[PDB]
Amino acid sequence: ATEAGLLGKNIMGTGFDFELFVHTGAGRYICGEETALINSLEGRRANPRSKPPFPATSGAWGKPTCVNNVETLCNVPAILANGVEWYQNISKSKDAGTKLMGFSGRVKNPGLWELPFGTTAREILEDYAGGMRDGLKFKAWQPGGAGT
Amino acid sequence: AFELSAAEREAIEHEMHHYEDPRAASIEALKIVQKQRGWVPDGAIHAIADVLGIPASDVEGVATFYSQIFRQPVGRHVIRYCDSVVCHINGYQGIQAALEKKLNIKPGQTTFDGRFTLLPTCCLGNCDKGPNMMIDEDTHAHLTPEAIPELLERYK
Amino acid sequence: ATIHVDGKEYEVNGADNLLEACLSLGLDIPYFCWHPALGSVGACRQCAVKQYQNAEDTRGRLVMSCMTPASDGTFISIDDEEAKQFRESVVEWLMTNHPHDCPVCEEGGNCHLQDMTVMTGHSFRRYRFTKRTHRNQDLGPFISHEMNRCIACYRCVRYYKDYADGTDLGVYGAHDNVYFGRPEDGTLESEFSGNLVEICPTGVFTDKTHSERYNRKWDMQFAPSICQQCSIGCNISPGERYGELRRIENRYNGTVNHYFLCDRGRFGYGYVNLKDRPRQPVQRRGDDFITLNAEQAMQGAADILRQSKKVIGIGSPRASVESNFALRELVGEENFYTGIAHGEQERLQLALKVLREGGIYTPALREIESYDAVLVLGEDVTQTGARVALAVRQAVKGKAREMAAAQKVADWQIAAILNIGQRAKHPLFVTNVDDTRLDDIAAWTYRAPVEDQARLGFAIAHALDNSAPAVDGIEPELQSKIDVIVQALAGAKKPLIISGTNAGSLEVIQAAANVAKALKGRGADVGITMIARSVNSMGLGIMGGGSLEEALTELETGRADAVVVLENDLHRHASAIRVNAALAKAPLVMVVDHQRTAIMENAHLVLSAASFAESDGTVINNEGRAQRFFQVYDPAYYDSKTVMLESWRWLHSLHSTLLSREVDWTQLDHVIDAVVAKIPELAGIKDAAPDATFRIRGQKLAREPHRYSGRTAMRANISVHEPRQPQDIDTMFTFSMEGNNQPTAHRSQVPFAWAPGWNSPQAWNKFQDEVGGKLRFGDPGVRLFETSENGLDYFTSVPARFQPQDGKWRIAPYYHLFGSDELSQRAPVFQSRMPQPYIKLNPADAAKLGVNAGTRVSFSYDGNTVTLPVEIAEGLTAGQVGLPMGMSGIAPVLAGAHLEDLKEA
Ligand SMILES: Cc1cc2nc3c(=O)[nH]c(=O)nc-3n(C[C@H](O)[C@H](O)[C@H](O)COP(=O)(O)O)c2cc1C
Ligand code: SF4
Ligand code: SF4
Ligand code: SF4
Ligand code: FES
Ligand code: FES
Ligand SMILES: [Ca+2]
């Protein structure tokens, strides 16, 4: 993208300057918490910070900072290429747009599928994950990771 | 006892150019020293502190905070098997037992020939293909206890 | 703001958090990670209260009171059942790993963790699993380390790093193996590391010097005293047991030294317990040393003084105002000499003239933290006036405080403030002969000889005000740095100019006065600070007298045949050969001192004076603040044959025996009345502390806590009959528990802080009007002089630049916090901490001499050839040689002197 002029100085002739870096971590689960993420970005121990102030006003090095997930930023270009009405007209639910959902752990087809919000967990587990494996009985599930 | 090599110093300074504050290159400086020497020794804390302009206490605090910055000598290869819940359901315990019975070491220990050090890591973000292992940079998925004595013998 | 705690309405400051507001109102909330001086971080999770949305709310929500603003219309409950359960749970979680260590822990009975364990009502252990353990580090001679007792409250790192700007302490590790210490074993390098033993709420960091002769806080006999180890005058609580000085605690003073001491004051008390101290009057007759009692010492001394034609007295800046005045009355005003040299006296009275006639307000130590730009000229503040250097660091962090206030971030939310103000700081410009410990935060450091430091000051004053004298011969690069300093100082609302007498240069003080006057003429709110040398340098300067060279001349010429030397070793202020010859010439030398000095060999009579632990008196601050110190213990309680009286008591009874042939062991208030009657400039010392008739509802002030133990046993090996309680006629304190130490008593002198449920240094919360503020009925101590209506004139004596001349070596002074001050370097625990005797050289001068680092060179000063090993000094300038002032053999009068015959030994 830098060699194609999509990053760096004067992107698409607009005068907007943007530099993108990749900072690889050193393995702590608390580094994903956004204020602790900011602290680890500044080369510190990854302790979180009390909010307020939120990072939007005082974040990385005291500057305005916005922390967003990978998937939110990946949702952004489709929104701006197809429009607001398209993003609001793919799911009849109060949570707009599509979400990567998936079942894992001793199912027939553990994996990841892009589904609209309001898709029930049963149809994910049966149609997409294939149900539970042979000779296994479903007893519990966690909807959203180890912290749910 | 410790003196930073020239390539390490250039890599650390190039990482320092990426940030508003030079303190923000501490994690990458530690990872650069660790990549060059397997682990971060005692003198590297003071050397990195001198290069970055931050106290050695801050460098030691960062190095001992992060699990993947090794402050003790490791083997030539670091086996990192997943410990978390999806690999627990998929049976990581058999993989850990196979690794222990092959290497004759406990987790956190290094073999007597310095070839492998065995470590439990957190979730490797590969839960649909569990159980998962990470030898030095390669992620091995769909693990079975019978495939350990072939996986380990391609890391000399 | 209006808050409602448990349905009770209170008026608080809306800019405070709920924890400090509720502690100021007398309510009890347990807390660990919060401190009044460090701000709020919300770590320990102990201070939880229940906040309600309004008065008609019953559910509520657990909030952290230290992280919650005490805004108008707040509704909280401390005594809520769920809040109480949570606070007990936090104490329980800290107790799961805590070692079974209280009997063998130096913090016991003085431990904040013990107090908050009891306060939450947690006394039942239901945790049955293992406790984590930790190895300990060696942190040097002063601080003992026990990481097992840690509760990970983070107070130590926040103090040592974010407050004191120390670099060698930190937190390491992770989840529940979090470690607080140095990266490896070694001495803690901060000059203010000793405050860890009170900052740490547990027994991790403990006073190793106290641990050698440990006793519990209830067994201590305390008094309010002033630290004698430099001129900053930090209030201390010395505590004794079994007749020896055990500990120095910080005594809170919201105007001077609020929570913190430096390490010299905290750990340099060991000279009081030296076994070679004089304990009785001793008369030298031939080779015999006859021990006398008080009465016949006065009779014999008065007989010899009466038969002599002229008697001169030599005071000291170590001695209190009363002792120097009593000597001045014994010998007369015309025969009294200050014990300091002529150059030291010139610099001291010049600094006094600047302070009390320059028209520029001199700030107290606490007020230094609120200034917006600092220029330190010639003063190694960290090594001579250390607590001023700590206050300067707070003043430097003021810029981040202002930046965060601009974003409506509350002033107690310290982590947000430090994040907003990343590396921004208020301008600091330090100037010395070499590098200082303030150079890490200094915007600029100027390493130059004292003439060039003075010339830089004069040039700054001329650039600020064109009526100030100009400097000729400034280099363009130095001129650019001068304009940097001038733009920083002129743009500040509150500039502060720090200088002092330790540089050895009159012109440095003159240049500092010129800068302060130039800033005052521009309408700035400029303050000026002068760091003196000793505890009562300013008081001895205010009283005045002849120089030590004049006294030595009177002894050498034979005009004076009797000399009374008060608390002065005389070798720090003059050459030892001349002093010894002059004292051997005098047929009567009487030394009144509490330490065994070298001139006592020549002394015909030696009076065993009392040190500050065994005496009362008044000392004058570097800011002109008169402060009373009170006697801690009676030296004759355990050793009945000890005659160790106050120096003013000795000299007053000697004057009485000289005049009327009867002794008069006077009272302290009579001597103070005599001072304020005879010296009107010292009239403010009457109001320093109330007189000995002061009572709190009829009772005196107790020196020791109510649970003081061993009353019928501590002396039982000497005699089973309990002795009479030692009477105190001098002060309002009693030598017993039978007195008052209530937190609500109307007084300013608090010998120690204790309240029920608060056995730790956190008990100082109960003695303050608001936490971290002033003492409830005013901080003790009174300023002697107000700011003058009109200032001085500009000093037109601009010196020439330093020229290195061949054969001569200008002595550059190096001060050490451990070693330079006389009494503290006599203390035995300071010898490990003291630097080895090293003579500093430029690389160019060392290469010219053919001398490498470590080789020993010999030089002759005043006919005395001494030899020291060489350290190479990069920051020094050529033609200068660096010497450690105040060490053994290097008198502080060598600063600014020249050196000859410097060659390799
Ligand atoms: C302990 C902890 C760990 C977290 N780890 C991550 C993470 O690894 N990745 C992530 O995107 N968010 C993580 N979060 C959530 C972030 O705080 C934040 O909500 C998110 O990263 C960015 O917000 P967004 O969802 O609008 O993009 C974590 C939160 C906590 C409390
Ligand atoms: S730190 Fe306090 S609670 Fe812990 S062992 Fe010492 S006295 Fe007891
Ligand atoms: S060592 Fe003391 S001050 Fe530091 S975190 Fe532990 S208990 Fe708190
Ligand atoms: S700064 Fe001076 S007065 Fe204060 S504690 Fe230190 S030596 Fe004592
Ligand atoms: S649980 Fe093992 S890869 Fe995620
Ligand atoms: S005192 Fe408030 S959380 Fe520690
Ligand atoms: Ca007395």
Side-chain angles (χ1 to χ4, degrees), chain A residues 50, chain C residues 17-20 22-23 29-36 38-49 62-68 86-87 90-91 94 97-98 107 111-113 116 134 136-137 139 143-161 169-173 178-182 195-206 223 320 322 412-414 610 612-617 628-636 644-649 665-669 671 692 703 726-735 760 762 771:
Chain A
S50 56
Chain C
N17 59 75
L18 274 167
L19 174 58
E20 61 184 344
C22 285
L23 290 170
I29 306 175
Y31 63 93
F32 294 109
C33 69
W34 175 87
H35 197 270
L38 309 178
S40 306
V41 287
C44 70
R45 312 306 285 186
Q46 186 64 72
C47 73
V49 294
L62 282 193
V63 298
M64 295 320 295
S65 60
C66 76
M67 307 294 307
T68 312
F86 180 79
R87 295 199 302 264
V90 177
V91 155
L94 298 175
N97 290 289
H98 199 69
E107 213 80 0
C111 168
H112 189 52
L113 179 59
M116 310 291 93
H134 282 298
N136 303 326
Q137 285 182 337
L139 306 183
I143 312 297
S144 192
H145 200 223
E146 276 276 356
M147 243 313 273
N148 270 357
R149 302 161 193 163
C150 181
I151 58 170
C153 83
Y154 294 87
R155 264 172 165 222
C156 55
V157 287
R158 288 199 315 119
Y159 163 71
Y160 197 97
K161 180 162 294 177
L169 193 94
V171 63
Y172 321 105
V178 263
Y179 197 94
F180 296 84
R182 302 193 75 251
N195 299 312
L196 283 173
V197 315
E198 306 190 17
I199 282 297
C200 181
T202 67
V204 184
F205 301 106
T206 42
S320 60
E322 288 87 353
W412 40 261
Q413 198 164 356
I414 176 63
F612 80 106
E614 310 111 357
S615 53
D616 327 276
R628 199 131 290 132
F629 66 94
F630 298 79
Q631 174 173 356
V632 192
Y633 72 105
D634 177 48
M644 221 196 264
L645 304 174
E646 296 90 356
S647 285
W648 50 266
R649 175 157 275 130
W665 319 108
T666 177
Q667 206 239 342
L668 168 70
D669 294 322
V671 181
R703 271 183 177 94
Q727 276 330 74
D728 195 43
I729 64 164
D730 294 325
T731 77
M732 69 217 173
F733 284 86
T734 174
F735 283 104
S760 58
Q762 312 303 129
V771 281

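Atom set for the values below is all heavy atoms of this structure, side chains included, hydrogens, waters and symmetry mates excluded. Letters go in sequence order (proteins before strands), and every chain restarts at 1. Atoms within a ligand are numbered from 1 in the order they appear, just like the ligands themselves.
Not a single N, O or S atom of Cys33(C), from either the backbone or the side chain, sits less than 2.8 Å from atom 2 (Fe) of ligand 6. Within the 2.8 Å limit, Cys153(C) places no N, O or S atom next to atom 6 (Fe) of ligand 3. Here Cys150(C) fails the criterion, with no N, O or S atom under 2.8 Å of atom 4 (Fe) of ligand 3.
Nearest protein heavy-atom neighbour of atom 3 (S) of ligand 6: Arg45(C) N, 3.3 Å. If you check which protein heavy atom lies closest to atom 4 (Fe) of ligand 3, you get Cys156(C) SG, 2.3 Å. The closest protein non-hydrogen atom to atom 1 (S) of ligand 3 is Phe205(C) CE1, 3.5 Å. For atom 2 (Fe) of ligand 3, the closest non-hydrogen atom of the protein is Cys200(C) SG, 2.3 Å.
Closest non-hydrogen pair, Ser65(C) versus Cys47(C), comes out as OG-O, 2.8 Å. Closest approach of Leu169(C) to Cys156(C), counting heavy atoms only: CD2-O, 3.9 Å.
Using a 4.5 Å heavy-atom threshold, the side chains of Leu19(C) and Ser40(C) count as separate. Put simply, the side chain of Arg158(C) reaches to within 4.5 Å of the side chain of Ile414(C), judged on heavy atoms.
Close approach of ligand 6 to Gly42(C) (heavy-atom distance below 4.0 Å) involves ligand atoms 3 (S). Every atom of ligand 3 with a heavy atom of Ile151(C) under 4.0 Å away is listed here by number and element: 6 (Fe), 7 (S). Of all atoms in ligand 3, numbered sequentially from 1 with element shown, those under 4.0 Å from a heavy atom of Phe180(C) are 5 (S). Using a 4.0 Å cut-off to heavy atoms of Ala152(C), the atoms of ligand 3 that qualify are 5 (S), 6 (Fe). Taking every heavy atom of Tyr154(C) and a limit of under 4.0 angstrom, the matching atoms of ligand 3 come to 5 (S), 8 (Fe). Residue-ligand proximity, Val204(C) to ligand 3, at heavy-atom distances under 4.0 Å covers atoms 1 (S). Close contacts between ligand 6 and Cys47(C) involve ligand atoms 1 (S), 2 (Fe), 3 (S) [criterion: under 4.0 Å to a heavy atom]. Interface of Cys66(C) with ligand 6, defined as ligand atoms under 4.0 Å from a residue heavy atom, comprises 1 (S), 2 (Fe), 3 (S). For ligand 6 and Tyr31(C), the ligand atoms under 4.0 Å from any heavy atom of the residue are 1 (S).
Taking a 4.0 Å cut-off on heavy atoms, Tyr159(C) fails to register as neighbouring ligand 3. Assignment of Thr202(C) to the shell around ligand 3 is supported, since a heavy atom sits closer than 4.0 Å.
You'll find the ring centres of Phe733(C) and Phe630(C) inside the 6.0 Å limit.
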Note to self: Would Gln46(C) and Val91(C) count as a side-chain contact (heavy atoms from CB on, under 4.5 Å) here? Give the steps.
What the structure shows: CA-CA 8 Å; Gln46(C) 186 64 72; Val91(C) 155; 3.3 Å; yes

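The CD atom of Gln762(C) sits 4.5 Å away from atom NE2 of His112(C), with the distance rounded to the nearest 0.5 Å.
Taking the six-membered ring where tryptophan is involved, the planes of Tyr154(C) and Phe180(C) are perpendicular, since the angle between them exceeds 60° and thus also 30°.
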